[PDB]
Amino acid sequence: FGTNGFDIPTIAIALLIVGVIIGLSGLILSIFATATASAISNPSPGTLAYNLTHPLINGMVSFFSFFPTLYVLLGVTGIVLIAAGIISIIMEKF
Amino acid sequence: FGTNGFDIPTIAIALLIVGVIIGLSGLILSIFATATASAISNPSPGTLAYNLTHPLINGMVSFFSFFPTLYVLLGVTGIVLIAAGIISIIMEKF
Amino acid sequence: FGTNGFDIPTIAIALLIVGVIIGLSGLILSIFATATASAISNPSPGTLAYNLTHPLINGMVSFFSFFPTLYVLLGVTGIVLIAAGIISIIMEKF
Amino acid sequence: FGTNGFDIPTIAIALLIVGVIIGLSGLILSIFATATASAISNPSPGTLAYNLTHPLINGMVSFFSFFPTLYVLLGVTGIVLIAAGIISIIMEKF
Amino acid sequence: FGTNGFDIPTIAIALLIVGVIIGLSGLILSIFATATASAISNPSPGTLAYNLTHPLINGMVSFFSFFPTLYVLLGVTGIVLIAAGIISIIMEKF
Amino acid sequence: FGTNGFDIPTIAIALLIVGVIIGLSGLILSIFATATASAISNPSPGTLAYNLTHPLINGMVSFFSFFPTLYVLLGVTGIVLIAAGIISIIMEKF
Amino acid sequence: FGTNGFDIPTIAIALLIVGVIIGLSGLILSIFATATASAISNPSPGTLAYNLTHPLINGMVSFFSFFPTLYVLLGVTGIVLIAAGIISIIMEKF
């Protein structure tokens, strides 16, 4: 059901795969981050351990705050792909 | 029942296949997302785990909100395909 | 019973085939969608699972609302085919 | 049924083709524009997103307002073609 | 249905293609600009980050304000093309 | 849909490409400049580090203030291109 | 009584086999689950044994709640098989 490489069943299967993969990623990262939160403690505001450890958690926070826009771009990619497929159909079906 | 590659039985079979595939996708994703909702908890509004975990669920929400328009475009593709077939019939049947 | 490729028995057989295929498609999709309706539950209006699951059912609804016009176009195709056959008969039978 | 290239059946077939093509175009554009209207939201009258997005919808509106006169000219072309055919008949049939 | 290169079905198909392409462009740009608006924050009116970032958003605003007249000219081009076709028909159909 | 090299679909695609590229550029530069603002501190008004560092931030400010007019010229280029295309159409379509 | 591989007696025998197998499965699982219910006791709501044992019974409940939709899909498979057989008959019996 297509012309050269655009197949609606294939597109649906691809959406299935990406959705389940992203769900798995969210699940695993959340479960693991819970363990991270459990493991690290809070020594004191100003002792040696605080100086040694604070920037690491800051970097964790920064990267995980960067994640959402990555997901948004990954999502918008699919609309572009489908639009390109539609245009490819229209160009030479007539 | 056609001229070159347009076959009404084939089109009907293709619609059957895409419909059942999309139904399966919805079923599997819903069932799996229920498990995801069960697994992840809500630690606290402001502790370390919240900072570690909130953007992940935000990205989940964003991508799954992106899904509906993908489905709409996937659906509209078929009308274009059928219209192209009709025009192809008309051009050289007369 | 024809001139080159237009055969009334063949057309009748083709109508038989398309009708039975479309009936099968409707039956299978309805039976399967009943199972889908059974499987998915309604968690709550505002919890995590609702955010995770609502757009999927929205996309299901959209695609299945797209189906009827696909069927209408698929049906109108046959009138075009029969008309082309009639014209082809008339052009060179005289 | 003609003299050199003017064929009344051919003209009728051409009118059939152009009419069905224009109907398909209207249908597809309307269906797609409905999805566009659904997808884009209204952020606020004066925030960053409004400044980023307003001219795009303005350009959409402008082009789609340009469409009707294009259709009118496309329609009037056929009267010219038929008139030229009639004159061509008259010139050398006598 | 034409004389040398002017074909009414071809013109209709071209209008279809340009309309759908422009609709896709508007949709994609709007969706992406929403993400841009989400990503960039407002640090302060007078700190280092404001000095570093303000002209970039100013340039964004300027270019996107330039878009509408580009669309208007792109639209008016088609009227010129159709008019040229009509004149070409008239010159040598008689 | 053109005469020699002017293609309305191609022009629309080019506008799509330039718009998305400029949006990406703005996003990346803003995100990166936020990190720059975070990294550099303010030592003191008159110590060695101030003398060592102030002109660098001054040059940053100057270049980024130069950006907007670059964007404005880049935008106005397209109107010139479209106008040249329109004139090229008009010259030899008649 | 068929054409290539579709045999009505064979289909009836297959239905016999699947029905008796599923009945046996239900019987054995019910009898065994009765023994499971007998064996496990309820220590206390909050002691060590409760913490050690509760999730296991929760998982039992979850899987056995998953069983019904598996049975429903297994059942619907046969309608698809019979429909495919009917279509295969129709295609080349005429």
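Residues numbered from 1 in each chain as written, not as in the entry; some residues may be left out. Chains lettered and ligands numbered in written order. Part of a larger assembly, values for the part shown. Heavy atoms only, no water.

- Listed as the method for this PDB entry is cryo-EM; the listed resolution is 3.8 Å.

- Chain A goes by major capsid protein in the PDB entry, where it is assigned to Sulfolobus monocaudavirus SMV1.

**Considering the overall build of chain A**
Working step 1: In terms of helices and strands, chain A carries 2 helices and 0 strands.
Working step 2: For 94 residues, the compact-globule estimate of 2.2 N^0.38 gives 12 Å, and chain A exceeds it by more than 25% at 22 Å.
Working step 3: Its C-alpha atoms give chain A principal-axis dimensions of about 75 × 20 × 15 Å.
Working step 4: Of all 94 residues assigned to chain A, the portion counted as buried reaches 27%.
Working step 5: On chain A, roughly 5,500 Å² of surface is accessible, and the fraction owed to carbon and sulfur atoms is 75%. (Helix = DSSP H or I, 4+ residues; strand = E, 2+ residues; numbered from the N terminus. Rg over C-alpha atoms; globule rule 2.2 N^0.38 Å. Buried < 20%, exposed > 50% of the residue type's maximum accessible area, 1.4 Å probe, protein only. Areas by Shrake-Rupley, 256 points an atom, 1.4 Å probe, with all protein chains shown as cover.)

**Some points on the arrangement of the chains**
Working step 1: At the level of C-alpha atoms, the two units chain C and chain F stay apart, their nearest approach being 27 Å.
Working step 2: Separated in space, chain D and chain F share no contact, their closest pair of C-alpha atoms being 10 Å apart. (Contact = heavy atoms within 4.5 Å.)

**Side note on the interface of chain B and chain A**
It is common to give the size of an interface as the accessible area lost on bringing the parts into contact.
Working step 1: Contact residues are listed per partner, giving 37 residues for chain B and 41 residues for chain A.
Working step 2: Of the roughly 3,700 Å² buried between chain B and chain A on both sides combined, carbon and sulfur atoms contribute 91%.
Working step 3: Together, B:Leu52, B:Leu56 and B:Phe63 form the three largest contributors to the area buried by chain B at its contact with chain A, with a combined 16%.
Working step 4: Taken together, the links from chain B to chain A amount to 0 residue pairs in polar contact.
Working step 5: Going through the elements one at a time, α1 (8-39) and α2 (48-93) of chain B are the ones with two or more residues in the side of chain B that touches chain A. (Buried area = accessible area lost by both parts, 1.4 Å probe. Polar contact = N/O pair within 3.5 Å; in protein donor to acceptor, adjacent residues only side chain to side chain.)

**Topic: the nonpolar core**
Working step 1: In this structure, B:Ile22, B:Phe67, E:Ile22, E:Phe67 and E:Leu74 are the most contacted members of the largest nonpolar core, which totals 118 residues.
Working step 2: Not counting the four nearest positions on each side in its chain, E:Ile22 is found in contact with D:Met60, D:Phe63, E:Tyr71, E:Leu74 and F:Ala12. (Core = buried A, V, L, I, M, F, W, Y, C linked by side-chain atoms within 4.5 Å.)

**Regarding the environment of G:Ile86**
Working step 1: Turning to its location among the elements, G:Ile86 is positioned in helix α2 (residues 48-93).
Working step 2: As a C-alpha pair, G:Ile86 and G:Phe63 span 23 residues in sequence and 36 Å in three-dimensional space.

**Observations concerning the packing of helix α2 (residues 48-93) of chain E against helix α1 (residues 8-39) of chain F**
Working step 1: In the contact formed by α2(E) and α1(F), the axes pass within 10 Å of each other and the chain directions differ by 175°. In terms of orientation, α2(E) and α1(F) fall into the roughly antiparallel class.
Working step 2: Here the contact of α2(E) with α1(F) is built from residues that sort into 21 nonpolar, 5 polar and no charged. (Axes fitted to C-alpha atoms, helices over the stretch in contact; angles between N-to-C directions. Parallel < 35°, antiparallel > 145°, perpendicular 65-115°, else oblique. Nonpolar A, V, L, I, M, F, W, Y, C, P; charged D, E, K, R; others polar.)

**A few points about the interface of chain B and chain D**
Working step 1: Counting residues at the interface gives 9 residues for chain B, matched by 11 residues for chain D.
Working step 2: Our count for the contact surface shared by chain B and chain D stands at 0 salt bridges.
Working step 3: Scanning the region where chain B abuts chain D turns up 0 residue pairs in polar contact.
Working step 4: Considering only residue class, the side of chain B that touches chain D consists of 9 nonpolar, no polar and no charged. (Salt bridge = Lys/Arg side-chain N within 4 Å of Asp/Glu carboxyl O.)

**Let's talk about helix α1 (residues 8-39) of chain C**
Working step 1: Counted at 1.5 Å a residue, the expected span for α1(C) with its 32 residues is 46 Å, and the 47 Å between its end C-alpha atoms agrees.
Working step 2: For α1(C), the full list of buried residues reads C:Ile11, C:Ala14, C:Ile17, C:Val18, C:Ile21, C:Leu24, C:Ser25, C:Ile28, C:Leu29, C:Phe32, C:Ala35 and C:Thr36.
Working step 3: Looking at the packing, one finds that the buried side of α1(C) touches α1 of chain B, α2 (48-93) of chain C together with α2 of chain G. (Expected span 1.5 Å × (residues − 1).)

**Describing the environment of G:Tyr71**
Working step 1: Summarising the element assignment, G:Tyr71 is placed in helix α2.
Working step 2: Taking C-alpha positions, G:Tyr71 is 24 Å from G:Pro9, a pair spaced 62 residues apart along the chain.

**Some words on the packing of aromatic side chains**
Working step 1: Applying the stated criterion across every chain yields a total of 28 aromatic pairs over all chains.
Working step 2: With a centroid separation of 6.1 Å and an interplanar angle of 55°, the aromatic rings of B:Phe67 and B:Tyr71 are classed as tilted. Remark: B:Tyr71 and B:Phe67 occur in helix α2; sequence separation between them is 4 residues, near one turn of the helix.
Working step 3: Since its relative accessible area comes to 5%, B:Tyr71 is described here as buried.
Working step 4: With centroids separated by 5.6 Å and ring planes inclined at 35°, the aromatic side chains of E:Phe64 and E:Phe67 adopt a geometry described as tilted. Linking E:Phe64 with E:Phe67, this pair stays in helix α2, spanning 3 residues, or about one helical turn. E:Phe67 carries the same exposure label as E:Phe64, and that label is buried.
Working step 5: Taken together, the aromatic side chains of A:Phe63, A:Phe64, A:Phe67 and A:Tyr71 make up a single cluster linked through ring pairs. (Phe/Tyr/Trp six-rings, centres within 6.5 Å; stacked < 30°, edge-to-face > 60°.)

**What about helix α2 (residues 48-93) of chain F?**
Working step 1: Its 46 residues place the ends of α2(F) 70 Å apart at the C-alpha level, agreeing with the 68 Å of an ideal helix rising 1.5 Å per residue.
Working step 2: Along α2(F), the sharpest kink reaches roughly 30°, centred on F:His54 and followed within four residues by the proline F:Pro55.
Working step 3: Inspection of α2(F) places F:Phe64, F:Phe67, F:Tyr71, F:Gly75, F:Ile82, F:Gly85, F:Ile86 and F:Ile89 among the buried residues, and these make up the whole buried set.
Working step 4: As for α2(F), its buried residues are in contact with α2 of chain E together with α1 of chain F. (Bend = angle between axes of the 7 residues up to and from the residue.)

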